[PDB]
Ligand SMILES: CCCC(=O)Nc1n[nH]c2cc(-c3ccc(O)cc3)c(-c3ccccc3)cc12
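As structure tokens, one chain now follows by itself in the form solved without the ligand.
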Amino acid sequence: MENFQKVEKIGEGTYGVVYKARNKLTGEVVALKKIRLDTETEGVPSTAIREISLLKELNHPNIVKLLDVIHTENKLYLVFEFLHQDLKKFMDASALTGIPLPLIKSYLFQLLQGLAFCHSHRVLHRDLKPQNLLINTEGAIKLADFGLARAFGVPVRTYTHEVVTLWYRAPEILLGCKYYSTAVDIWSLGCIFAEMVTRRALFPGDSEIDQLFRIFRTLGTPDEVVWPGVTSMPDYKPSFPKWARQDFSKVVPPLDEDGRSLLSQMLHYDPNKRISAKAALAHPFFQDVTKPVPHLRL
């Protein structure tokens, strides 16, 4: 309303424009997310219901803070804390130089801390991708865009119309599992971890079947031994080609043994034995972690 001055359009998301704004009374710089109430005439959108109610309870250094919600008759505003840019934009900028490994370790460490808080508080993010991770100039990285978030005090069903983009989609989702688990968020972080290191996306698929085959060509086509139950999963087919698992020294060569170990556990096929965000924080890979400071806006 009247207390906010719009600075510039910063993005587009969930049927609504996002503006960088400044509080005219306090000088606070915020992110304004606008929801036009009258285009589906079904009241407040369900994605907004979940985003507000869940993010309210998530106060953590590595989660973008929901500052205020302004609910008028014909509009619905969400006020977030402002961060300069996304990790995807940062990756692109560092394409020639690369993100230094200590900064990679720091980001992954913080991401896991925010995610562990998320999971410990009964919320699945379900849309973890570089575009939805925000960073500042001080070395922090935070989870953002909870438009697909779900509370899993009771099981969350899989919906084909609400899923993370292909490149960061878990194998169980592609194979048509019925319910979500926390492992789907860890898998995404695994792909993001690898992408930060190689400067290339780990599994860049054109389609659902191409996404699966790209994962199979790297991690090997899973059997009942590796992952009990695959052959019975809905979208599994016996005509799946049988690929061999590749050694991780060829997949992520700049990694040492500790990094290779963690990434392997983050991309475990069977969701039950995929590492948790909490257990990942305890991995020997983070024993010497620091908080490096990035260089932004190249």
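Note that the rigid core is defined as the largest set of C-alphas that superpose within 1.5 Å between two forms. Residues carry their position along the shown sequence, with the first being 1.
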Practice task
Would you mind checking whether residue 232 is unresolved in the model of at least a third of the other PDB entries compared?
Solution key: no
Exercise for the section: May I ask whether residue 39 is missing from the deposited models in at least a third of the other compared entries? Expected result: yes
Practice task
Averaging the C-alpha B factors as listed in the entry, name the stretch that ends up higher: 58 to 66 or 30 to 38.
Solution key: 30 to 38
Fill in the blank from the handout: As the entry reports it, the stretch among 188 to 196 and 157 to 165 with higher mean C-alpha B factor is 157 to 165
Handout entry: Peak C-alpha temperature factor (PDB record), options 84, 142, 150, 214
Key = 84
Exercise for the section: Could you look up the Cα B-factor of residue 293 in the entry and say which third of the chain it sits in: lowest, middle or highest? Expected result: middle
Practice task
For residue 137, return the chain-relative third of its C-alpha B-factor as stated in the PDB record: lowest, middle or highest.
Solution key: middle
Fill in the blank from the handout: So, residue 242's CA B-factor, relative to its chain, sits in which third? The highest
Completion exercise
residue 268: C-alpha B-factor third of its chain, per the entry, is the lowest
Fill in the blank from the handout: Sorting the chain's modelled residues by C-alpha B-factor and splitting them into thirds places residue 209 in the middle
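Just so you know, the form deposited with the ligand bound exists too; it's not on screen, but the next bit is about it.
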Practice task
Place the ligand, as positioned in the deposited bound form, onto this chain through superposition of its site C-alphas, and say whether the site is open or blocked according to the 2.4 Å backbone and C-beta criterion (3 or more atoms for blocked).
Solution key: blocked
Handout entry: residue 132, heavy atom within 4.5 angstroms of the ligand in the deposited bound form
Key = yes
Exercise for the section: Please run the contact check for residue 137 against the ligand in the deposited bound form: heavy atoms, 4.5 angstroms, yes or no? Expected result: no
Practice task
Using a 4.5 Å heavy atom cut-off, state whether residue 145 contacts the ligand in the deposited bound form.
Solution key: yes
Handout entry: the ligand contact at residue 31 in the deposited bound form, heavy atom, 4.5 Å
Key = yes
Handout entry: Listed range touching the ligand, judged in the deposited bound form by heavy atoms within 4.5 Å, from 206 to 214, 76 to 84, 96 to 104, 193 to 201
Key = 76 to 84
Exercise for the section: Scan 262, 230, 64, 251 and let me know which has any heavy atom within 4.5 Å of the ligand in the deposited bound form. Expected result: 64
Problem - Every residue of 279, 282 and 284 near the ligand in the deposited bound form, heavy atom within 4.5 Å - result: no
Exercise for the section: Please say whether, between the shown form and the other one, the C-alpha of residue 286 moves by 2 Å or more once the core is aligned. Expected result: no
